[PDB]
Each structure stands twice: as C-alpha cells, then as structure tokens.
2 protein chains.
Amino acid sequence: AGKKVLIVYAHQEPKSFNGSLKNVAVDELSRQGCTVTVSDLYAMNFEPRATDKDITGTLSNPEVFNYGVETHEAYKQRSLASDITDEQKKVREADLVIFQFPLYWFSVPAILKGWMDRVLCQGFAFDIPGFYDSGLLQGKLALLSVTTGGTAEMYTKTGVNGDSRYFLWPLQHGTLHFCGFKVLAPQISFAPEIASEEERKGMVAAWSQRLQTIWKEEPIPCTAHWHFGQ
Amino acid sequence: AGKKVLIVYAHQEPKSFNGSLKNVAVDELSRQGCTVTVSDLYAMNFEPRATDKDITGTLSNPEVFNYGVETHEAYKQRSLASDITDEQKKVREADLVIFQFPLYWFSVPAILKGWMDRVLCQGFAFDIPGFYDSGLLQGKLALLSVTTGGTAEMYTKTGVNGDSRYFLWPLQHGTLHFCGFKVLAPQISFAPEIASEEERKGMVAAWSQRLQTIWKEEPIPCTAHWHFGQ
Ligand SMILES: Cc1cc2nc3c(=O)[nH]c(=O)nc-3n(C[C@H](O)[C@H](O)[C@H](O)COP(=O)(O)OP(=O)(O)OC[C@H]3O[C@@H](n4cnc5c(N)ncnc54)[C@H](O)[C@@H]3O)c2cc1C
Ligand SMILES: Cc1cc2nc3c(=O)[nH]c(=O)nc-3n(C[C@H](O)[C@H](O)[C@H](O)COP(=O)(O)OP(=O)(O)OC[C@H]3O[C@@H](n4cnc5c(N)ncnc54)[C@H](O)[C@@H]3O)c2cc1C
Ligand SMILES: CN(C)c1ccc2cc3ccc(N(C)C)cc3[nH+]c2c1
Ligand SMILES: CN(C)c1ccc2cc3ccc(N(C)C)cc3[nH+]c2c1
Ligand SMILES: [Zn+2]
Ligand SMILES: [Zn+2]
Ligand SMILES: [Zn+2]
C-alpha cells in the first residue's frame, strides 16, 4: 500500500518462536506489497553499549564525557558512528516499526535496549522540548511483539507478575510515545515454551491474521490509565 | 559485623554525578568498615549481549540454540564464560548489591541490562523452585540508585512521565524480587543536570547520609500495591 515497515528483531535462533513470528511478519507484509526491512540485531552483532566511540568528531567537552550531550551534538554535525545512522535511516523511512523479542527481565533483551539507547538520540527522535506528542517521530507507528516465559495468568493484576500492561510502560510510554510514536496494541504471545503444539500454532496464526488488517488499526491511548487502570 | 557490598556501576565518566554517587558510596561504606567491591561495567567493557559465547565448550544442543536452557545447564556444569562467573562470585559474597546508574529510557543502560540478563541465570539467581520470596538470592539486599533527566514533578502520577514507581516495577519486582532480593527503597536523584550546585550537593549529602544507616533499613514491600496503588 506504499507502506514501509522496519522489524527490529532480537533473538539468537532462527528456529525460535520469535524467529517464526518474525518470518510470519515478513511473509505477510511482503505478500501485501509492503516494503519490509529487518534489523536482525544478533546477526549484525549490534553494539549495545553507549560509549564515546559513538561520536567520531571533536567532542563538545573532551574532559568530561556526557553521552546525551555529545550524541546530540554529533547527530547535528553528522559525526555519529555509522551503525547508528544506518538504523536511523531505516526508522526515518519506516511507517511502522515492529519490535520482535523475547521478554528479558520484564523488558527487552540488552542488545535491543542498546538499539533504543543509541539509535533514538536527541535531535533525531526527540528534542528538549519536543517530546511525547511533540516527539520527532510523530506520524509513525510502533508495535511491540513480545513472547514471555510467564503465562497469561501470571501476568494478571492478581497474578505474581502483575498485569502484562505494567511492564509495557517503560517501552511504550517512556521510550516510544516519548519519541512521538503512536503505539499499536502489543502482540503478546504468552508462554510458548510450555504451550501445546495446537496452542503454539494458534499464537502464530493469530499474529499472521492480525497483520492482514494492521493498517486499519487505531493506536492505543498510551496513558497511565491504559497501563495501570483501574 | 562485616557486611559485604557490591556496587554495579554503569556510567562512562568518572567525573559524572553518577561517578560522584558511586565514590560517595565507596568512601562511606569503606569508612564504616564494610567490604566493598565495584563492577565498573563500561571500564570492564562488559559484554551485554546474551549469546552462545556465554557457554564454554560443547553446547547441550548445537543445532537449536536456547539461551535460557543452555545457561541453566552451563551453570550446573561449571561451564559459563568467566566474565559471568566472576560477577556471580561477587554477588554470591555480597550482602547488599547497589546498582548505580543514569535512567536510560525508563530503565537501566543497556550495558547494565546485559549484566542482569547474563549474570542472573537460572540455577544461580532463581529456579524451579525458588523465585520471588524464595528466589536463590534470598537473604540479600538490593538497592537502585538512579539519576534522571526528568524532574520530580514530571515523575508524578499525573505528571507527563507518571510516578517514578511505575518504571521501577520491571527492575525491583520483575528482576530483583524475582531473584529473591529484599529491595531497599530506591535512591532517586532527580535531574541533577539542571539542578543548582547547592541542590546537587544536597542530593549527594542525602545519599551519603542515607548510607550511614543503610543497615538499619526496612526493605519496601515489593508489591503491585507499593508500585501502583495509593
Ligand atoms: C535472560 C532471560 C530473562 C528472562 N526474563 C523473563 C521475564 O522477566 N519474564 C518472563 O515471563 N520470561 C522471561 N524470560 C523467558 C523468555 O521470555 C522466554 O523464554 C521467551 O519469551 C520464549 O521465546 P522463544 O522464542 O525463545 O521460545 P522458543 O523456546 O524458541 O519456542 C518455544 C517452542 O515453540 C516452538 N516453535 C517455534 N516455532 C514454532 C512454530 N512456527 N509453530 C509452532 N511451534 C513453534 C519451538 O520449537 C519451541 O519448542 C527470560 C529469559 C531469559 C533468557
Ligand atoms: C540514552 C539516554 C536515555 C535517557 N532516557 C531518559 C529517560 O527515559 N528519562 C529521564 O528522566 N532521563 C533520561 N535520560 C537522561 C539521563 O537519565 C540523565 O542525563 C542522567 O541521569 C544524568 O546523570 P549524569 O551522572 O550523567 O549527570 P552529569 O551530567 O554527569 O551531572 C550533572 C551535573 O552534576 C555535576 N556533579 C558531578 N559530581 C558532582 C558532585 N559531587 N557534587 C555536585 N555536582 C556534581 C556534574 O558536573 C554536572 O554538571 C537519558 C539519557 C540518555 C543518554
Ligand atoms: C511459566 N514459565 C515457563 C516461566 C515463567 C516465568 C519465567 C521467568 C523467567 C525469568 C528469567 C529467566 N531467565 C533468566 C532465563 C527465565 C524465566 N522463565 C520463566 C518461565
Ligand atoms: C527535565 N529535563 C532536562 C529532561 C527531561 C526528560 C528527558 C528525557 C530524556 C530521554 C532521553 C534522552 N536521551 C536519549 C539523551 C535524554 C532525555 N533528557 C531529558 C531531560
Ligand atoms: Zn504514552
Ligand atoms: Zn536448576
Ligand atoms: Zn516485588
């Protein structure tokens, strides 16, 4: 439909449940005629660490290194490391960014956290001021497709993990909404590692099926109320 | 009374506000007679990525790589990578683990997320059974000392960031409580970057003064109610 999709994918194993969800996404969006790009972070050996190597030009303050300050200035000067600007090009061109990952400690795997830390820099993804609904990636969509060890039941208000929406807050609100994304409803595939084959098949089909009508979805209200209720 | 403290520290710059807070902790805990160890992650060029390099020798299934399974087995077989087991030794010996870090996207910097992902493996930090109250690090204390870009006001329930307790949930509950830590109240130093020198000195003194009686502290009730309730 003229639409461009970036999938940022964070799993080590192509045959994994995550690998299958990523491939289903590529297959279905490709079938629709979408332009599709995948950043396979582990295969890229993507650098997760925020360091002074991310700036190649003269530092604003070479005596006391401030990562946010220096990357902001390097973005404006175009002296960021090229692995960062490679990702920024993908994001800039994308209409929808899908994140495909296993839940690691109620969050993204570190290699994907590094992508968020390094790619979404000041000047590119937001400004101060110029964030949340004024973020610089406004007009773009984002979607978290996450798999969990824990069951849906564990991820309820009265379950040991609390509601699943609780752990989405830093990702959907603190990061994506902050940068101006509108956020589509998460795809959460609960506990595939202990699900039956039928249940596993059912979770993969649910995702493929959803993707058929993804461009007709409205985003969530990315608010404290949506995440926490009551 | 010989208490052992591990400080896991994630900042690039010794002269930073985080650097000063880390140094205050070392100084004060050292003064008290405590045994103190610091894992300076950036200085160590600590590996954040969860990969098959974290298992030495032969994988337990060389055709389909499952990080969780492989590291569980490697832990039991004494064949984890030495950077991991070095950290596990420090944690094993510690009575208190302090994490010192700037807030990156409502969470820990990726290098510290990588520490959590790779060090806190099944068999070491948790198991079936042994999680939440019975996690394998029960008896230990953990404390998050965080600095933010955003103001205290932004981190209120109706402020644009929401309550700071909202972003603590994945860290304190999903990670630390899950491994059996009792969680000490977080230390949150709001917006040192725009604070006055006097305000900044006050935040450092608050931390130094808190450390004087840290062994007298009651842990928080690490509950959904604490994080999300009234
Ligand atoms: C460091 C770390 C931290 C973690 N922290 C948390 C946490 O805080 N909370 C939590 O809930 N979980 C946590 N987990 C667990 C983790 O989220 C799950 O193990 C992960 O989400 C499972 O996804 P996967 O792709 O690895 O599953 P896989 O093990 O790859 O897949 C599960 C099963 O599905 C099968 N499968 C693959 N493709 C298909 C297909 N096409 N059709 C049918 N079946 C298929 C696979 O063969 C496998 O048998 C953590 C794990 C690690 C390693
Ligand atoms: C990738 C990224 C993502 C981020 N995401 C978020 C986010 O989601 N939410 C949010 O709120 N913020 C976010 N931030 C901002 C970040 O949390 C703050 O910039 C950081 O906490 C500032 O801490 P610092 O140690 O670097 O401060 P510094 O810049 O090092 O210090 C502030 C001032 O204190 C001074 N100082 C140092 N030592 C002392 C001392 N002993 N006594 C008095 N003054 C002293 C310093 O010289 C400096 O002038 C993000 C930043 C980055 C880079
Ligand atoms: C009901 N099931 C199957 C679950 C439920 C919760 C879980 C929580 C985890 C936390 C960390 C972790 N690793 C560090 C590997 C693996 C986990 N596996 C889980 C599996
Ligand atoms: C009240 N002030 C000054 C603030 C408030 C919120 C902020 C949020 C941020 C998010 C990411 C980031 N980086 C990616 C550098 C820098 C941020 N700086 C902030 C500064
Ligand atoms: Zn939001
Ligand atoms: Zn075990
Ligand atoms: Zn808890």
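Atoms within a ligand are numbered from 1 in the order they appear, just like the ligands themselves. All heavy atoms count here, side chains included; hydrogens, waters and symmetry mates do not. Naming convention: chains lettered A, B, ... in sequence-line order (proteins, then strands); numbering from 1 in each chain.
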**Student:** Would you check whether A:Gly150 has a nitrogen or oxygen atom less than 3.5 angstrom from a nitrogen or oxygen atom of ligand 1?
**Tutor:**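 Yes; at least one N/O pair falls below 3.5 Å.
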**Student:** Pull out every atom of ligand 1 sitting under 4.0 Å from any heavy atom of A:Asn18, numbered as shown with elements.
**Tutor:**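 With A:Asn18 as reference, the close atoms of ligand 1 come out as 23 (O), 24 (P), 25 (O).
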**Student:** Backbone or side chain, does any N or O of A:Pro192 fall under 3.5 Å from an N or O of ligand 1?
**Tutor:**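 It does not: no N or O of A:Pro192 is found under 3.5 Å from an N or O of ligand 1.
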**Student:** With heavy-atom distances below 4.0 Å as the criterion, list the atoms of ligand 1 near A:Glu193.
**Tutor:**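 Ligand 1 atoms under the 4.0 Å threshold to A:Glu193: 18 (C), 19 (O), 22 (C), 32 (C).
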**Student:** Which residues and atoms, protein N, O or S only, are under 2.8 Å from the Zn ion (ligand 6)?
**Tutor:**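 Within the sphere that stays under 2.8 Å of the Zn ion (ligand 6), the protein atoms of type N, O or S are B:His72 NE2, B:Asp127 OD2.
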**Student:** Ligand 1 versus A:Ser20, non-hydrogen atoms closer than 4.0 Å: side chain, backbone, both, neither?
**Tutor:** side chain
**Student:** Would a distance-only check, ignoring hydrogens and angles, find a side-chain to backbone donor-acceptor pair under 3.5 Å from A:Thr151 to A:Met154?
**Tutor:**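 The answer is yes, because a donor-acceptor pair under 3.5 Å joins these two groups.
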**Student:** Check whether the ring centres of A:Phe106 and A:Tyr166 lie less than 6.0 Å apart, and answer yes or no.
**Tutor:**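 Centroid distance A:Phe106-A:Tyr166: not below 6.0 Å, so no.
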**Student:** Using non-hydrogen atoms of the residue, decide whether A:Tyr155 is closer than 4.0 angstrom to ligand 1.
**Tutor:**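 A:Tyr155: in contact with ligand 1 (<4.0 Å).
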**Student:** Run through A:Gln100, A:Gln187, A:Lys22 and flag the one making a side-chain hydrogen bond (donor to acceptor under 3.5 Å, both in side chains) with A:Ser145.
**Tutor:**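 One option only clears the test, and that one is A:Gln100.
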**Student:** Please check if the number of heavy atoms outside B:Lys182 that lie under 6.0 Å from its NZ is greater than 12.
**Tutor:**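 12 or below, so no.
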**Student:** Going by side-chain contact (heavy atoms from CB on, under 4.5 Å), B:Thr175 matches just one of B:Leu120, B:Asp117, B:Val183, B:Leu144. Which one?
**Tutor:**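 Between B:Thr175 and the candidates, side-chain contact (heavy atoms from CB on, under 4.5 Å) is satisfied uniquely by B:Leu120.
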**Student:** What protein N, O or S atoms come within a distance below 2.8 Å of the Zn ion (ligand 5), ordered by chain and number?
**Tutor:** A:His173 ND1, A:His177 ND1, A:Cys222 O, A:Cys222 SG
**Student:** Going by the rule side chain to side chain donor-acceptor pair (under 3.5 Å), which residues pair with A:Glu193 if we only count those two or more places apart in sequence or in a different chain?
**Tutor:**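 Applying side chain to side chain donor-acceptor pair (under 3.5 Å) to A:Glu193 gives none.
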**Student:** Counting each atom of ligand 1 from 1 as listed, which ones have a heavy atom of A:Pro102 under 4.0 Å away?
**Tutor:** 20 (C), 21 (O)
**Student:** Does a side-chain N-to-carboxylate-O contact under 4.0 Å join A:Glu217 and A:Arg210?
**Tutor:** yes
**Student:** Got a sec, which residues hit side-chain contact (heavy atoms from CB on, under 4.5 Å) with A:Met44, two or more places apart in sequence or on another chain?
**Tutor:**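 Here the qualifying residues are A:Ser39, A:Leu41, A:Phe46, A:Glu87, A:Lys90.
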**Student:** Atoms of ligand 1 less than 4.0 Å from A:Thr147 heavy atoms?
**Tutor:** 17 (O), 20 (C), 21 (O), 22 (C), 23 (O)
**Student:** Would you mind running through ligand 1 and noting each atom that sits below 4.0 Å from a heavy atom of A:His11?
**Tutor:** 24 (P), 25 (O), 26 (O)
**Student:** What atoms in ligand 1 come closer than 4.0 Å to a heavy atom of B:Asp117?
**Tutor:** 1 (C)
**Student:** With a 4.0 Å heavy-atom cut-off (strictly under), which part of A:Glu197 contacts ligand 1: side chain, backbone, both or neither?
**Tutor:** neither
**Student:** Which atoms of ligand 1 are found less than 4.0 Å from any heavy atom of A:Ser16?
**Tutor:** 25 (O), 30 (O), 37 (C), 38 (N)
**Student:** Under a 4.0 angstrom heavy-atom cut-off, which atoms of ligand 1 come close to B:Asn66?
**Tutor:**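 Close to B:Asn66: 29 (O).
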